[PDB]
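Next come the chains, spelled out residue by residue.
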Amino acid sequence: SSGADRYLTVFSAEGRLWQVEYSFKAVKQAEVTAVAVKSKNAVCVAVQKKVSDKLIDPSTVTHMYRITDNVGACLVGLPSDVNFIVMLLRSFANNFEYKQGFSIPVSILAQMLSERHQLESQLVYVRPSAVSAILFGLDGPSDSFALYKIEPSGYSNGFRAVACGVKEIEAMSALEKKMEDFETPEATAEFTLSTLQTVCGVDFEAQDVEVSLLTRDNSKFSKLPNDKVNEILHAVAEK
Amino acid sequence: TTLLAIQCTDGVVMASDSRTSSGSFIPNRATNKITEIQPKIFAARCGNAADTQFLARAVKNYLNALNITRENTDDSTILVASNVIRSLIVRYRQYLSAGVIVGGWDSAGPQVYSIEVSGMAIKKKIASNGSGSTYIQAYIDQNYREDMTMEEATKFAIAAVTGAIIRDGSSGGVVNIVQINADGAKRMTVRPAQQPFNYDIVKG
Amino acid sequence: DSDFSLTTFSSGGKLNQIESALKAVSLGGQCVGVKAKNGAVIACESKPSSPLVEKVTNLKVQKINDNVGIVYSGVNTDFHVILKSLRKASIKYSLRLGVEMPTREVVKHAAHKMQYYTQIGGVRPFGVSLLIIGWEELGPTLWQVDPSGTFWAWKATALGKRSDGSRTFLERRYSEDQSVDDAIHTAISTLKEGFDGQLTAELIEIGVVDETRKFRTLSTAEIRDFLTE
Amino acid sequence: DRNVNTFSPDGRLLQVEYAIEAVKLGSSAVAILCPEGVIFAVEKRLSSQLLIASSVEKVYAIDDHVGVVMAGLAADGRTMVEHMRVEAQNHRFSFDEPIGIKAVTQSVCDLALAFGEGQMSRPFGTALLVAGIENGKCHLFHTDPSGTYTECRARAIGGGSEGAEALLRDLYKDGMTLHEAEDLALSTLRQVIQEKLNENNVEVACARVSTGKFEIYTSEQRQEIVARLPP
Amino acid sequence: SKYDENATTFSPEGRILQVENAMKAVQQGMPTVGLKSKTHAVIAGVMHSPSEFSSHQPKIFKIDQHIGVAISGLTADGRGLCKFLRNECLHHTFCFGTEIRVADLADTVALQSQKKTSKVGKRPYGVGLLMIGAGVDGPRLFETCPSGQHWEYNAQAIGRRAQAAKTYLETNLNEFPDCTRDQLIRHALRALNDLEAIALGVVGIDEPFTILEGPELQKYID
Amino acid sequence: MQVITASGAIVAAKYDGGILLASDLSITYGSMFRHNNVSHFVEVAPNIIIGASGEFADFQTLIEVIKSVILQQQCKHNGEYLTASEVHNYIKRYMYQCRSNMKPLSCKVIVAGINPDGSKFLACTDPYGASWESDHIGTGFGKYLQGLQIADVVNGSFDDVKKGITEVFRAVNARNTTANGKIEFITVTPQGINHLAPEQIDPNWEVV
Amino acid sequence: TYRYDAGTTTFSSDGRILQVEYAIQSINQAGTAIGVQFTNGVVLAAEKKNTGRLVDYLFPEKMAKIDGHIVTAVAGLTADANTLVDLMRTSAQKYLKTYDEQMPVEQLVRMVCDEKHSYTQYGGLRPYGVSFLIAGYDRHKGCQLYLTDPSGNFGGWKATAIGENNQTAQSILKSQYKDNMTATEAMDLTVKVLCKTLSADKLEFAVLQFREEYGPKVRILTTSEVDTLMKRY
Amino acid sequence: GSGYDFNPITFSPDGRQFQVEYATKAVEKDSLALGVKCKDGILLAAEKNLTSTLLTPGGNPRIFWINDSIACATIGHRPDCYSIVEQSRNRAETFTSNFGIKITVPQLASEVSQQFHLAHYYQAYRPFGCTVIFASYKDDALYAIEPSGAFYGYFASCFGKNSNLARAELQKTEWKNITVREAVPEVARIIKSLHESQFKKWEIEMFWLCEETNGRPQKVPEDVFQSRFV
Amino acid sequence: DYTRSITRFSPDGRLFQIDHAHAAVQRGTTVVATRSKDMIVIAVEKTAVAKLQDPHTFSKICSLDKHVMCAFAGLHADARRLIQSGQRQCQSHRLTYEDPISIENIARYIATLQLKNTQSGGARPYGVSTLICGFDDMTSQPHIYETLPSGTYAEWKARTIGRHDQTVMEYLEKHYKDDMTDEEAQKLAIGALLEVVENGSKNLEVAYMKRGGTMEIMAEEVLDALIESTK
């Protein structure tokens, strides 16, 4: 038996796509964890921000990305693959807005990313893009906060709360154990950052984490400035 | 059509009529000829509604493409919009018969770029286009002031587009105004009842 | 180069990539089908990866057109590719012919696409087996399409995890003269046998083609009613 | 295993070297250039007496003035001959002049490395001896599967190429006559083959400066050369 | 060894072993020397002699009126690269009406070879070039490598026996800048020990690139 | 060859110290005086300026192409600019390729520069790609309303060539409907490109 | 790089395309399909691959009508068999469109076999692991039966068998096949061969029959018709 | 990698892209090039270990023009270095063609990381054995793209041999608090201190994009800094 | 599209894929082509056909054109593709040139198809040797070219391809005559195949093209008469 199953995205004798799972491992090689919590009133994604040098410009070390003005994408994984998926998601959103005339929903963008990961996991000549993508944002047609997570396999699912990265398992456990229908965007952000801080085991400072708290007042995607993140972290430390 | 984009000190005032003309018929008398490319990028459209709407659609597409690989989404966006409209008018010069005044606000401040039907993109502080703009040229020349604020430029633009409306059959209806400053764009509609003057200024 | 078939015959005259894709199907979540006298049912275990998952955002039981619905066992992402392809094919069929693609034609299109990916180069087979239910002139019809593009009709079936025991259970418990209600109950029972732990309405998806000839996905409330009835 | 485009650690193109071996397995061909022209003498390997020798051709008239003689894979040499004929007629059409012998040789050699993978699948398994008359000057080149054409005054390609070179090293002179060139080519061919040289198993040709033409010898001319041979 | 199958495969030590094999192909070519002065550049090459009755196969080629390349390695690869160089020269003259610079031709050759190594199925050029050109940027000598990189040299020696020629060039390196055209030809001939097998193409800021062989080279053989 | 937004006449003429180009700063939409203070000349290199008469959209297309090509060659040549001869050769080739693709640039393009050898280079490519190098070139009514004012002083003192160009542009302002505004003058000299203050060249209106 | 390329369109030392040989093996492990050419028509009879009490015999798995005059039986991969059946139907309809005549059986066979052979010789893609018993009628050769294999090699057979136990079916056909059979006699022979080399439900049948006035008609027997035919045996 | 290091698009069981990090090793082997964002500009120094003394002193650039305002220092496989330089020039030219403006170093970095990523994402390509440091003073940007395509903006970037020691030294200097002219002695000090004695003749190709150059990529004049060393 | 170098030189200078295609030819059935001044006879051994196999319209013999007969040995589908290309080429030659394609030209074309398959990336060689025979004109001598999987083609007085090619060729050499009549050529081919056929009447088929005629299958009665006359 040839070894194509372990080097290319073809099924092994166990019917597993080894390269897809290795792209999951490559996602975990990002060394960062992202926790996204989507409440009725807000969606907060907090991804711990690790800069390896003091000589790297921190503003360039990001996992939050503007896909559209509305849709944000917290991409965890290989930085080259993260950049590729950022530009691919932006191209998907642009093509969708051009063909359909309106900004891409988070759900459709998640499905398009899932299709890209399916063509990577089916086309043997295309690598699975080692990116776990937490797409999020206020869908206007439903006026509700969409939060989809697309795996490197392309497994896309909407989430009330999701996690990605190294502590994805622990973060998911904490989310599904302590999740609530938070009444305020501040509550959603506090829970997101508290879950991320707990699973990471390190008390965070605003510089150490990127937070995007999309609310109905501010539905446009944007990384929260370090002052708002610091206020959220203080609220977390308040309890 | 009448289009009049004024780059003021504190913003851009893009005025237009609302009359789409199909011969002597007005298929759309409440036409919004100033298309919102982005919250602070607007395209006042003159010429074939299909062609100019395709230009607005394609410049939105090209501005999103410009933002695929960058995070400074607010940089050179008016200038890139004008360059893209110019490139599309030149590329589809045979097909497209469209002139776009792309005005608005970006990181570089308030900017108006008139891309003529020829595909000639020029940065202007006072750009006018359309069959109606002709009738107001002297008016603009004698009533435009480089120091006009966005309020003063808005009043002047309403008056000029009203004159073009009155004198131009192809221009008519309401004056669609877009005031784009750093804070965003405000749309106003000056219906014929609210316009400074009407047909009665003709010979009187 | 890319365009060389990675699905090739082995010494024994077996396409080993086909068997690998069938294995991927056999680890892809239990899905059941049951042909009633007056309809057909495609149920499936839809145990989300986490409770935080939103069920409606990724449903295994899907509608291909008004009359044809589809569930799958295997890789969810290339099932979504197959499903987009089938919906597009049925829309093209409606455009060309003014009617929804027939159940057997939807099945043949799915089989053709899977076979294509079994033969063209640079690709693996689809790691999904589809249970497609839809009506035809002679009655309801459940169909299985394999990663190989080999399709065949069924009276009852299971495809995913523990599908051999589920198929034996259907052999024992399936009857020809079942109603759509009884087919739904049989599908739920087969899922229960193929599933460990409490089998609730939120953990399964049911699609049904009933006397009306139209495919509908039962909501969680209908599934709860069936569980409690 | 490895691609046809693989370079060996020594730096040799493995497929090119293997094509050169295939050439070494081909029928012997000797080109002798004299100031009065140039002579091809190639072994025709008549495997059977029912094989029509006239159809087994190593010598091909590329144009009126230039011709080639092959060693190795006859079909690959046929493709090279087709290219050379198309290029000689294209040069005649484009410039109203006979193609230069160097020009046509280089043209065929530019096709030698055109093989690849991931165009031809492999190098040409045939080496050529291209002899012709350019501006009244007799030119002779030898091309190997590597696409390396080198102008020659006396060369041999095929089974006994090394032996033919050894023989010519002390038999070929730069001031021979056309008759002497014919004798040397035929003798070198006879000494570097495993059969007897008669008018049927040998194909002779001359790019002659006097006529400025590449003419493949008829049976009578080959018989004459065979008869004149001292041994 | 197992990483030495494609020009697309890096080795664990970050090397493209097939590129290095094409480089070894170049290193096994005939000696080729290039010299650069303030006003003239020279490439002298010992043309290969496959047989005693074979005229030495030319290696010093004429690319542009003021650019000439000495190809060392696979002659057919060198000829394909020279056709590509003629295309680049033709397109530069078409676009701008001026002769392309040998630096630009070296860049194009480097890009072509790098493409040959950056995609599977295509193979690195077994040939390495010594391109001398005297243009507006002056006289410039470039050693273009199969890997897809070129080095601008005041002088260089490639192929077999290249070490002794390189050492000789290093000895007289600081002399070359002001050396006269005849002096530069003489330096090239000294650095390149085999006479008839030696071609020598010389270009200057004023004089075009011209190839001298045997008799034409006798005045400088010394 | 459609000219909707037209740049008007250009009059370039060599004088002792360089090339003096002149043109109004007006773009005309048909007969309309549409835009003002639009230099018909674009400095593409420190010693190469390019003007055009005719479709100014096509001039902008050409200037974008020229600037892209100059930037490409600057990248190749460590920031070194193409010579005026090279830039004009590329413009000739581009405009002839556009006329052969049947999408001609409806602009007569003047390339005025100083070559690195210090030689004044004044050339012109017509919309059809026909190009020529002259010591003085008129485009538009700068060619027609020209007489001998430039030919008699071309390569003369800056004052004489300026006076002749001023005569030609007085003729243009008098007799060209599309002539609007002050005539900007530009000296392309070995010391760079200097935009002299635009002058209102007045026709003699005592004629009335 | 072709590291995992199987060289499908590559000869083996024996001169055999290994992929084609393995496709032939795949066929030989598939349900038996027997063709018997009688006086006016051909009886094709295949073993369904997917059978069982829970399987619904709604469609012929192996029997595929190519055109009013051509029917096929499948041995091997029913998927690529369906692909080649679609291509055969399209080719027969293209011939009808071009000539307003029903495609001669040998031409349709040649077309499907050229498809198979193109996969065996070019493209590096796996061959069609299907063997067709193409029964058909044309005015030239009357009623014909063609056995086609993955190599693209086809031959006309008065009777033949492919699939599992194809040699036993071939031997039975040799023993009992006679020329100038009737439709009933050939159907009986096919049923006898299938039963001796192997249930009505599992078996499927298709009779091509040429009547002088009605033309050539293909009739793929349904479950009830095959059950009646089996009970007659 | 037990077979996971021959195909660039192949992940190791640990998710490693072995061909990509072999390209990174090709980068590490090359002589160090470092960019420093200074207050007056950005200074791209590139150590050039002249293997042969016959190399033209004013040649073999490690730093290239990408725009009138973008320079590109290169580290690693020189063929890949120049291929990426030409592809970055093409990306900037295409950016101007599409949008009529000059690309910014962050955006050029994204677009060129696209090609880097394609190298190890689609089959039949080879990862680019090069890191490219794009410096633009107009953009105030110093973005290094690694062979994987991972591109980051830097206050002071450095790649190649002894790049870790070079980064440590670059940390000791607040480049944005000093000008490029007074940063040149510090950068030259760092390179000389980390320079390997194996090479007796070597150079420091120093470009700067500064107010003095109006943001233009200019090789530092020899009067300001003598790159030649023996 | 797939472009792997299926046919590549081995270290010894052989194209192993061509050797395997020759093996496929050998596993193919035996064909013998013989020529009389005004006739060409191709006798092919029918494969062992059971009572259940239709023996009509499945002969290895084919007419590439009204003047060109073809027979093959090797993979039947490869030969079918070659014959389709050859017939298309004969009609294409008639279209481009009013003249019928010369037997040399069509044999060259088929052998060049085989050569292209040995040169085309991703194309398997034709596992088929083709005896392509015919008359160029009314006055032209009959031609019998043999084209091999390697793409080489050679004209033969009489040739055999397929299994038993050694034995049938030996018989041809022992029994060939320079000026055989139509009957003598028919007898030569029939006996050459008779030596290696279990049955004479059954396993053997014959097709003859006389001068100024098309492909013509032998009558079973006349074929039996010739077989019995030979024995």
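Residues numbered from 1 in each chain as written, not as in the entry; some residues may be left out. Chains lettered and ligands numbered in written order. Part of a larger assembly, values for the part shown. Heavy atoms only, no water. Residues with missing side-chain atoms left out of burial classes, pairs and counts.

Engineer: Explain the nonpolar core to me, please; I cannot follow it from the model alone.
Structural biologist: The nonpolar side chains of a soluble globular protein tend to be buried, and buried together. A:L75, A:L89, C:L130 and C:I132 are the most contacted members of the largest nonpolar core, which has 107 residues in total. No other element matches helix α3 (residues 79-100) of chain A, which puts nine residues into this core. Judged by nonpolar contacts, the second largest core, of 81 residues, contains A:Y22, A:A189, C:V53 and E:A7. (Core = buried A, V, L, I, M, F, W, Y, C linked by side-chain atoms within 4.5 Å. Buried < 20%, exposed > 50% of the residue type's maximum accessible area, 1.4 Å probe, protein only. Helix = DSSP H or I, 4+ residues; strand = E, 2+ residues; numbered from the N terminus.)

Engineer: Before we go on, may I ask you to explain the interface of chain A and chain H in this structure?
Structural biologist: Interface size is commonly expressed as the accessible surface area that is lost when the partners come together. With 33 residues of chain A at the interface, the matching set in chain H holds 36 residues. Interface area, chain A with chain H, both sides summed: about 2,900 Å², of which 57% is carbon and sulfur. The largest share of the area that chain A buries against chain H comes from A:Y7, A:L55 and A:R127, three residues that together contribute 25% of it. In this assembly, chain A and chain H are joined by three salt bridges. Its salt-bridge partner being H:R167, residue A:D53 comes within 3.3 Å of it at the nearest N-O pair. Our enumeration of links across chain A and chain H arrives at 20 residue pairs in polar contact. Looking at the side of chain A that touches chain H, its residues break down into 17 nonpolar, seven polar and nine charged. (Contact = heavy atoms within 4.5 Å. Buried area = accessible area lost by both parts, 1.4 Å probe. Salt bridge = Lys/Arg side-chain N within 4 Å of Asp/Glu carboxyl O. Polar contact = N/O pair within 3.5 Å; in protein donor to acceptor, adjacent residues only side chain to side chain. Nonpolar A, V, L, I, M, F, W, Y, C, P; charged D, E, K, R; others polar.)

Engineer: Explain the interface of chain A and chain C to me, please; I cannot follow it from the model alone.
Structural biologist: With 35 residues of chain A at the contact, the number on the chain C side is 30 residues. With both chains or domains summed, chain A and chain C bury close to 2,600 Å², and 59% of this area falls on carbon and sulfur atoms. If you look at where chain A meets chain C, you find two salt bridges. Remark: the boundary between chain A and chain C carries 14 residue pairs in polar contact. Those elements that place two or more of their residues in the side of chain A that touches chain C are α4 (106-122), β7 (156-158) and α5 (168-178) of chain A. Looking at the side of chain A that touches chain C, the element that brings in the most residues is α4(A), giving six residues. Split by residue class, the side of chain A that touches chain C holds 16 nonpolar, 13 polar and six charged.

Engineer: What should I look at first to understand the arrangement of the chains in this one?
Structural biologist: With no contact formed, the shortest span from any C-alpha in chain D to any C-alpha in chain F equals 24 Å. One finds no contact linking chain F with chain I; the least C-alpha distance across the pair is 33 Å.

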